[PDB]
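Read top to bottom, the protein sequences are chains D, X, Z and H. The first sequence: position 44 = 45 (full-length UniProt numbering), numbered continuously. The second sequence: position 71 = 71 (full-length UniProt numbering), numbered continuously. The third sequence: position 76 = 76 (full-length UniProt numbering), numbered continuously. Positions 54 to 74, 85 to 96, 130 to 261 (full-length UniProt numbering) are the ones given, in order, by the fourth sequence. Take a look at the structure below.
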Amino acid sequence: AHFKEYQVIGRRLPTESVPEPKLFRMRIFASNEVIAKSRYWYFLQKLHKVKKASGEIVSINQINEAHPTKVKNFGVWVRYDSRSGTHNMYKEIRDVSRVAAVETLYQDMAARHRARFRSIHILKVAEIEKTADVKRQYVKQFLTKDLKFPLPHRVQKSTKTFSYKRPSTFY
Amino acid sequence: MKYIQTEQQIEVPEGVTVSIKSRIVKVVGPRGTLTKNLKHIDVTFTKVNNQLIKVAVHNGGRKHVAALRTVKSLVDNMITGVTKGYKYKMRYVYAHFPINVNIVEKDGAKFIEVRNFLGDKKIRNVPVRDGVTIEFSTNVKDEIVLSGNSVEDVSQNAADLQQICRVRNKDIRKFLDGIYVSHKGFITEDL
Amino acid sequence: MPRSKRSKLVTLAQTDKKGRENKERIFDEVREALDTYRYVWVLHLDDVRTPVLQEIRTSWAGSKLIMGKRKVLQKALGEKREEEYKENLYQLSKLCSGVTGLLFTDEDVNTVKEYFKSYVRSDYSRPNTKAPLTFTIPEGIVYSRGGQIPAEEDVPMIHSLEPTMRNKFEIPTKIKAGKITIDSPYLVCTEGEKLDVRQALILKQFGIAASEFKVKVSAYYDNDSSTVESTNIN
Amino acid sequence: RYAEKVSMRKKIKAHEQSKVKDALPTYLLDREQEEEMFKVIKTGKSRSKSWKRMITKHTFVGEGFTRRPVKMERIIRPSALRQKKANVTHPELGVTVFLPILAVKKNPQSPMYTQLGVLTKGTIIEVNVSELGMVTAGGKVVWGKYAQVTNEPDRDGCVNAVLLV
RNA sequence: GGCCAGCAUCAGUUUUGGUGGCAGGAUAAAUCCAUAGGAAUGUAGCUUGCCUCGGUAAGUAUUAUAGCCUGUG
RNA sequence: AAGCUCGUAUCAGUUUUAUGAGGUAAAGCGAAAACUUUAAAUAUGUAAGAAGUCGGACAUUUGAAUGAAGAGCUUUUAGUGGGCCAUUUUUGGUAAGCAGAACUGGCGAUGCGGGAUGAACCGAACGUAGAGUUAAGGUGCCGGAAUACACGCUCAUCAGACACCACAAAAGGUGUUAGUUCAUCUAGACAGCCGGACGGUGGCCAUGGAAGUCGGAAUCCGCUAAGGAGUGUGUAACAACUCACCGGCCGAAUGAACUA
RNA sequence: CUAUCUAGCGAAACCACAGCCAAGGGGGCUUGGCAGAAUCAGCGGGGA
RNA sequence: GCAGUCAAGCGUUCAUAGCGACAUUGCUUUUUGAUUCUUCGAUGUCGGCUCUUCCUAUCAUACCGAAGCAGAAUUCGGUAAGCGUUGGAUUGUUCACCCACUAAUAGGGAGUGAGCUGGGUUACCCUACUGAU
RNA sequence: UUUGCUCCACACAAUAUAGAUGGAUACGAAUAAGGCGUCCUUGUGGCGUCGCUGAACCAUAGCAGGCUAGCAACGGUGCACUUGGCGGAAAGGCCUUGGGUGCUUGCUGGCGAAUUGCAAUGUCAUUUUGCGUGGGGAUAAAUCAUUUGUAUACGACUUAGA
């Protein structure tokens, strides 16, 4: 829905002569807790031989962002299994927070690839501090000096069905 | 990739003047004037100062911006067509049958009249557009010259004219005769 | 611009592209040349002929004449005082502006500066230049020379090239039987005017090396003196 | 357009290829290499005298047929669907030779189609070898070999057979 | 003392607003205060060019005649 | 439907534990996957108690959960005996369609809302009425409900509004957006305009003529920044022009292939 | 000669209802096109 | 068709465990413009004339493109169905026909399950239509 | 016309309302543009200003709207006339002249309202028609029958008939 980012660890159950295994951690994006948990178990069953019955959860913690309103360039390495074999992808965002960036990503993948939330994988978020190592261009053009641009053809959303005025946009 | 702002420069020389309300243009220079509507094209114009004008698009798709570069070159063609003026030169070649080519005026119509084409009796008239003048070649055989400001009018008229003699059902490799263009120059000569 | 692009023409030719390997190769090779040879000459040669260069090289094998791309030659010479193989080379790296071209000798200076004044060939207009002759083409049959030699021994021009004459060369050229004819005389050019590219091409088509060829030089360096010399001789 | 494309792909391939750099005797030399599956068809004015069945499938008949009379016969073998010849290919050397049938020993799915002579897939067949003319041990001459058919005669009147080797 | 209705207060059911007090999370994160360091889509300042004589160009310059980023508190 | 023993009890289209008649080897370590070596899963059996436990001894926390205190013995009575679809498993297969079995669910006797309409779809426990809330489906108008908000992509010279993997189907396409992998570069990328683009050499037969290009086969070295025993126009040959290759002006990012 | 009209006489067959069309629904319902009282003579294309 | 040749790719690995497109070689009833009464035993139904209207995948007619297209004539191909597409002779197995003319004498559906040919197994109700008040 | 038709006045009756209950308040073109005002050299001109909702502009107190007194102004508005224009796209209206006639909430006074009984649409608008009341106006055609025949199934159609 509207998204959150969560921190999870699983501590796969103490068996005799191997108590306290190695506390496998993930950072997982979802709107709530239990969805987050289920995705941890889903990735974990993929990544090594676990089941939920053979595993147990340590904690859930919402990861707030350190300095939200810092505008950030993010770059995200992802995978998705579309109808073909699975395949990788990188994308780049100018945005405010990790969570909002992946929100926009999920919708854009939905547009351009008919890509579902269920069949997306995130590998990784990263943040780029220095400019000019961003690979893409459509963010890169939003980085120039003394920037100005217009809102052409602005339209006003009236409640009424009539207008008596012969409207205009401006310009 | 949804380029945000695209733009081109057009260079006004000292002599010529240009008046641009909304997407209408007039361009006036020593040879004369021209006008053009561009309301179908959805761009913006701006002066910076008086030797350079900027066209631009915001939020361009590929089609929109390719149109931008086009409209620049159109207006530059008008500018050239005032300061130089354009001049298109043709020849009318025959193997057996000499063309009789003439100019006539029917109520002010400025038709161009060809006879004896391929031993025909047919008269073919071609109109002349406004803003373009003819001359048959003095001291050059089998040649005609057109000159004007509107390049589009000139080329359309001559392209029509060679499109009239599209000789039909007959082997083009044999019937080399016809009326064709020698070259596309400007009026001046010097500059 | 993912689609609606141009298709660039693909072929199966034999020669392949050089890349940076030859670039850095020639760079280190001139840097090898530097300490080996003693006398250094910067050569502005705008119009160049492959047989002329091979003629010069097989004239002087004890010399070595090298040409290559400009900025890498500036690189291997060193453009700053701070970076240079030897000293007093940045200043002469400044001046070498034209099509250059360079020589490594150990012979006298005098012999070469008189050599290249003695050395003169015949070449074409190579426009943005003058050509020391005018040409009127007479209103008759046109020939390969264009009125140079007598009309009995010149051969008329081929009927292949005439549409090129009509398209490129701007000239009325009307075709009676198999030779080629004109109806008015055509003057191509005058003396004392900078020749245009079509003008240069028509004298090329006639095959007229009416222009003199002589190379100029701007400067000279010697390694053992380690000093720069400036000489404009043409 | 696909065709011209792939040919240009071959052109680049052969360009790059250029750019990067059988124990036979003499007389064989110089050769180039009931309630179902039955419709009661009532005949006559009074439709009770059916008495009739029809073969709608190919068959080899043999040399002598001596076709029985009309009144005692029950099954109708038509005239056209009679293969004397079949193409036999060789597995070794892949040579296609158009040779006769001599007999059909084996027919799948029945013992009846064996004697009838239906030539469907799975039918093993007695094939002449006369023009090939191999010399065997003792210097005999071969007249019959075994071949396995590989195509349905109904879908194509050609009859491809691999020679069992 | 029949018919139709209305107002108030009450109950069951229920819809929709206002408003207050509390608990939690990283005992929110942030903003904000100070502090240290860093760097540019380089602010002041310095150098050169034009000159429309102040705006570019390229260098300088880590707060100055703007400010930003980060770390800790 | 009637009795008689009672609600003491009875069981249950159910889970848990233990267990086979068998392994799927998805684990090869258990002989250089060779190996019955058994992570399990594919589910039936059995049970979880006085109907039991070792003549005699032991009561309901008297032997797991969960639900129903309506179950059982004997007697007796009406109607009824065939069939389409789906799903799961699995055998045979066919170009393809599929055929056969086994289980299960729907319809049959059964209405309602939606699906524009409807044997098979989606939802849904039918007395009459009121009020409320919702399912499946939908909200431009018909039509009750937002011409709601918001990210993207699409502009079809008969789109699509599809139920979806599914049949034409693998692909074509200088339409379009996003990606992947490679290549290039101010030590100058790509576009372009300008120059060179050579000598031995017109290389061998081949021919009337064959000179880099009617054509067979060869693939050299020389200088070289670079320049082929030589892409393409070409004349009867020759010549001339063009790339492929370098280099001069410009200065900025660009290009091959592939996926979606 | 009838057919037609008029004066007079005067039946039967047949009949769930009755009717306008295209697509759809694995004559009537759904969606659409039209439909203006009442009617005459020919018509032979159809008629649970 | 079948057996091959490349294999683009696929088989998570194997290319011959295995698939495999486009092309291409393999004869296919008589190789020299030499040439078979293959319409011969099918008891099986299909064969034919007036008139509407539709489709186009065009036979001509109109316009166009390319073709060694000198022209005339003609072959292919594109748009296009507005209009048009003839008269005769013919059966123990006409089979596919000849004759001529014509600018040409193209192809199929919905058709007479109401008239006709074989060796042959209440059209009287209303409907709409055409005419009329 | 036993006064029938018609234009206009007011009295009552019915007669209904796809639904008044302050006003259908007038530019055009464009929207990657314009409008309004002002200035000039009058143009695609300059200069300023505005939109960013009609959530406005106009109208608006009085018993469902009275009787009266003035003050200030000579303005506004209504009614019936009357002068002169304008408009044809379905004009059926819009201006405008003159005066007469009221009212004027521009401002200040005085009288009244009650009791419809704490509210019940509390009725006030328009379409249509007839009877009556009293002042005007003007005095037809068609059809059937007959007959024709350019037409004719009968109808219809087309001709003539004091």
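We put the beta carbon where it would ideally sit given N, CA and C, even for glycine.
Verify whether the separation of the beta carbon atoms of residue i and residue j is less than 8 Å.
i	j	result
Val-255(H)	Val-245(H)	yes
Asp-160(X)	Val-104(X)	no
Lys-2(X)	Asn-77(X)	no
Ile-180(Z)	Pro-150(Z)	no
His-88(D)	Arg-80(D)	yes
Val-71(X)	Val-55(X)	yes
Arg-121(Z)	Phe-213(Z)	yes
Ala-257(H)	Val-184(H)	yes
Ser-85(D)	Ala-116(D)	no
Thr-80(X)	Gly-15(X)	no
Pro-127(Z)	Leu-195(Z)	yes
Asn-224(H)	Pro-196(H)	yes
residue 183(D)	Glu-104(D)	Chain D is shown from 2 up to 172; residue 183(D) falls before or after that span and cannot be answered.
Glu-248(H)	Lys-217(H)	yes
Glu-57(D)	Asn-74(D)	no
Out of curiosity, what's the CA-to-CA distance linking residue i and residue j?
i	j	result
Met-150(H)	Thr-210(H)	17 Å
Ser-73(X)	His-40(X)	16 Å
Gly-68(Z)	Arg-57(Z)	15 Å
residue 238(Z)	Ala-209(Z)	A query on residue 238(Z) cannot be resolved here, the shown segment of chain Z reaching from 1 to 234 and no further.
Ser-55(D)	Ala-102(D)	34 Å
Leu-144(D)	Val-97(D)	15 Å
residue 78(H)	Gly-160(H)	The structure shown gives no position for residue 78(H): in chain H, residue numbering passes from 74 to 85 with nothing in between.
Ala-2(D)	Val-59(D)	25 Å
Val-214(H)	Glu-222(H)	13 Å
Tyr-90(H)	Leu-198(H)	26 Å
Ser-164(D)	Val-140(D)	40 Å
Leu-24(D)	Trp-42(D)	13 Å
residue 102(H)	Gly-240(H)	No coordinates are present for residue 102(H), because the numbering of chain H runs from 96 directly to 130.
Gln-179(H)	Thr-155(H)	7 Å
So residue i and residue j are supposed to be a Cβ contact under 8 Å. How far apart are they, rounded?
i	j	result
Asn-157(X)	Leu-146(X)	7 Å
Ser-182(X)	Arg-166(Z)	7 Å
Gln-46(D)	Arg-28(D)	Incorrect: roughly 18 Å between the Cβ atoms, too far for contact.
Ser-150(X)	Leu-34(X)	7 Å
Assess contact between the stretch 12 to 32 of chain Z and the stretch 111 to 125 of chain X, defined as three or more Cβ pairs (one per stretch) separated by less than 8 Å. Is contact present? no
Touching or not, the stretch 168 to 185 of chain X and the stretch 18 to 25 of chain X, by the rule of three or more beta carbon pairs under 8 Å? no
For the stretch 141 to 168 of chain D, which residues have a beta carbon sitting closer than 8 Å to at least one beta carbon of chain X? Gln-142, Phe-143, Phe-150, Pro-151, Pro-153
The stretch 97 to 116 of chain X contacting the stretch 33 to 48 of chain X, beta-carbon criterion three pairs below 8 Å: no
Listed from N- to C-terminal order along the chain, which residues in the stretch 148 to 174 of chain Z have their beta-carbon within a distance smaller than 9 Å of any beta-carbon of chain X? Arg-166, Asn-167, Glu-170, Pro-172, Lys-174
State whether the stretch 136 to 155 of chain Z contacts the stretch 84 to 94 of chain Z, with contact taken as three or more CB pairs (one from each stretch) at a distance under 8 Å. no
Taking 8 Å as the threshold, find out whether the stretch 41 to 50 of chain Z comes into contact with the stretch 101 to 120 of chain Z through three or more Cβ pairs. yes
Against chain H: residues of the stretch 93 to 116 of chain Z by CB proximity under 9 Å: none
Three Cβ pairs or more, each shorter than 8 Å: is that satisfied between the stretch 14 to 21 of chain D and the stretch 105 to 113 of chain D? no
Counting Cβ pairs, one atom from each stretch, are 3 or more of them under 8 Å apart for the stretch 74 to 84 of chain Z and the stretch 20 to 40 of chain Z? yes
Would you list, in chain order, the members of the stretch 125 to 141 of chain D that have their beta-carbon closer than 7 Å to a beta-carbon of chain X? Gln-138, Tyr-139
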